[PDB]
Structure formats: C-alpha cells, structure tokens
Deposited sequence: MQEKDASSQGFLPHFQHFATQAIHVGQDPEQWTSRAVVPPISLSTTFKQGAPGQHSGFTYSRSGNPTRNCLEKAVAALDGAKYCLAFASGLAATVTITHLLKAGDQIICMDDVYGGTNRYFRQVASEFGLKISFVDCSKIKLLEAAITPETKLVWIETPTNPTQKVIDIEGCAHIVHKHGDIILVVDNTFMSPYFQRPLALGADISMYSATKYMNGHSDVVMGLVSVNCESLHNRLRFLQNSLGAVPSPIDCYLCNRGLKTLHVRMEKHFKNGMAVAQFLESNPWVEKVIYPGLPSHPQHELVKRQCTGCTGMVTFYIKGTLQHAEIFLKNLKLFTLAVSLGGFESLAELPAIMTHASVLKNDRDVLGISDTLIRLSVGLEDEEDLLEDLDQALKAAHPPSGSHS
C-alpha cells in the first residue's frame, strides 16, 4: 500500500554522470581525479574545491536520485548542515525539530545561536504548533523524518505547505534515514533535500560525506557559492567510493527493508520486548502517513527491552552479529543505546520528554541472512531474560 517506486531510480543511479563519452579513454567507470588544479588557456575546471570531475559525476547522480536539478557534496552531513545555515543573516531565526540528530541539536543550540541567530525547538509533529512558532523573522525550518531515534514521522507536504504560506522560508528535510529510494522530500514540497551520505547513501561505513539536493535556481546559486567559499568539500576518492555505493543503493535498501521488517515483527511478538517502533508496522502511530509519503521502510528498528538499564546492556553485550557501535545504514548490523551513546549529546531533561529511556535500543539492521539476525536477537534477549 506504499507509494509506487520511483520509475527510473536504478537506471539513473548506475548511469547518470557516468557517461563514458566524458573521458578520452571512454572508461565505463569514471576515473578518480585527485588533481587540485587544471590547465587553463588555449571552458572546463579551474580549482578542485570549486569543482572537479569525480565530485561532479556524483552530484549529478545524487541530483537525479532526488529528482533534483542540482546537488552539492560536502565533507560530512554536519558540514552540509552548517553550509545550509550560512544562507541566513545575523538577526534571522531557525525553527528546528525537537527530536533531531544530536550533532544537529548541538550545532544550532550551542554554536549557530551565538552569531545573531535565533533557535526555536518545536514539536513539528504537531503541525498546528509550527504556525505558532513562525514569525516574520523565520527564514529556515529544519525537519528530520523519521526522527533519530524515536522515529516519529512528520508530514512533509503539510509542513512545506504551512511554511510556504509566509513567503521566503526555507524547508529542509534531513533525509538520512530513508534515502531518496524511499522518500523524496523535494517531490513532497521541500526546498532542500539533505543527506548524511555517511549512512545509507554510501552504505559501506567507510565514507564520511554530506549531500544537498535542490531545485530553486537562486537557492542553488547561493549554496554553490557557499560550497566553494566555506570549502567544506569532500575528497574525490570519497566521492568515487560514495558513487560506487550508490550503484547498489536500490538492491541494498530493499534487503534492509526485508530484514528490518522481519526483525521488527520478531521483536514485537517477543515476550521480552516492551514496545517496538518501526514505520513498516501497523502499530506505528504514523504507519498510514508513512505509506502516503514513502515507498518503503529501512532497516532502522527501535525498541524498548523489558526491565532496566541492566537488561539492555546484557542484551547488547551478548549480540554476536549486531556490533555495538554508533552510526547506521551500513551493510553490517549495528546496535546502540542512545541514552548513553549517540544521543548523550542531547540534554537529559529533553531525553525524558522524548522517550529515550535507559531501555530504548536502536538497531541498524544490515544485509546479513534474516535467519541469523533473528537467531542473534533471540539468543541475546534470552541472555537478559533467561528461561
């Protein structure tokens, strides 16, 4: 009952920007151009930071996958976030989601706010509340869906709609969790589709990178200027590796879905799980919303284990397939306790409100055999709660 899959995604991920006629060798795979500078004198490239062959191939590919006209690659997701924020002036205000990635939370609240920028954390799941926070000084709205890690889902089309009623306000959707294979914020009314390519996009846990796709011509020109002016650019080798990862994004995300769905269903029917949060499950508060704006779900499964902090640790330390580590979206399965780990960078009084207790566990289900993933979870839960 999900949105129909995007019509040329696999084809484009493999060929867009990859045209062999670009190179004198007619190579089927684009060469890695490390060169910082390029010969001028008799069009073309001037300096690597402003633009370079391998990065441009990647940006054109990602643009296509987002259904965008333009895309910009960055040193990291946070670097992309910071660059986007530099679009504004001293005196402007940013409305940010209350449950956001810790680093995003940290930048807005602790760094950006001390340069004449106003920051308001607003529950944008309450779309009725967003309008109340909007002021004539609001220039940017930052949204993330699903949120990390409580995975609450936001109506992008509804939010874009509220935001665009008051003229020049920018709507940014952090699309790190889903990827453009499952969700296209720009097609849903967003102005900017932002990624941490470090996660699902690259999908191989070996590249730190950010991506920003956009349609507005003037917004692109401002973003392209800041990309070269701030210089938070990615390595050409990282660009190549990420572009290589995109080649299998469609077949990777499908297995994440199948494995994620299977893990979520196993966990929900398990007597030692208090509650499971997974958009693909009917038990999810926004399951029907997900189906309207998304073409599927990922391998990100959040759940509460029964008992105390003690049980969550025994569970995590007895896993043999899931690796106890931060980050997500890789081919390998990851497990994590946000209260102590990825979201220790979010205030304690805010964690109590968001639901990040000592028993909330975030899983990044990988591409291993389903059987083995379930068996690993079963054995580990039995370690915390033995027969």
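Residues of the deposited sequence lacking C-alpha coordinates, counted from 1, fall in the stretches 1-9, 52-55, 401-405.
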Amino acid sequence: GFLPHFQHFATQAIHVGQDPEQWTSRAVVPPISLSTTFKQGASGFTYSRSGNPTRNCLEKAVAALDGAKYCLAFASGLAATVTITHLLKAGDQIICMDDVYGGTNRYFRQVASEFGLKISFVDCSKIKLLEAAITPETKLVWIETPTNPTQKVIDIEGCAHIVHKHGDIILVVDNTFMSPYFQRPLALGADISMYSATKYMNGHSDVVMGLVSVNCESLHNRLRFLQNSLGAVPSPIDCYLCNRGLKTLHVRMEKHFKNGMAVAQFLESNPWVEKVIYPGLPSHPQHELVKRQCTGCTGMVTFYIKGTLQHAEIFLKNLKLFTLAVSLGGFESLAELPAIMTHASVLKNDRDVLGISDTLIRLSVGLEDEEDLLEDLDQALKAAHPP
From here on, numbers count along this sequence of modelled residues.
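The PDB entry records a higher mean C-alpha B factor for 100-108 than for its counterpart among 100-108 and 231-239. The question of which stretch, 166-174 or 279-287, has the higher mean Cα B factor is settled in favour of 166-174. In this entry, the residue among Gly296, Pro149, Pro136, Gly260 with the greatest C-alpha B factor is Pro136. Residue set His343, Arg49, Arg362, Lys60: peak C-alpha B-factor at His343 (per PDB entry). In the deposited entry, the Cα temperature factor of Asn349 places it in the highest third of its chain's modelled residues.
In this PDB entry, the Cα temperature factor of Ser213 sits in the middle third of its chain's modelled residues. When the modelled residues of the chain are ordered by C-alpha B-factor, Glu131 sits in the highest third. When the modelled residues of the chain are ordered by their C-alpha B factor, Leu316 lands in the lowest third. When the modelled residues of the chain are ordered by their C-alpha B factor, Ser357 lands in the middle third.
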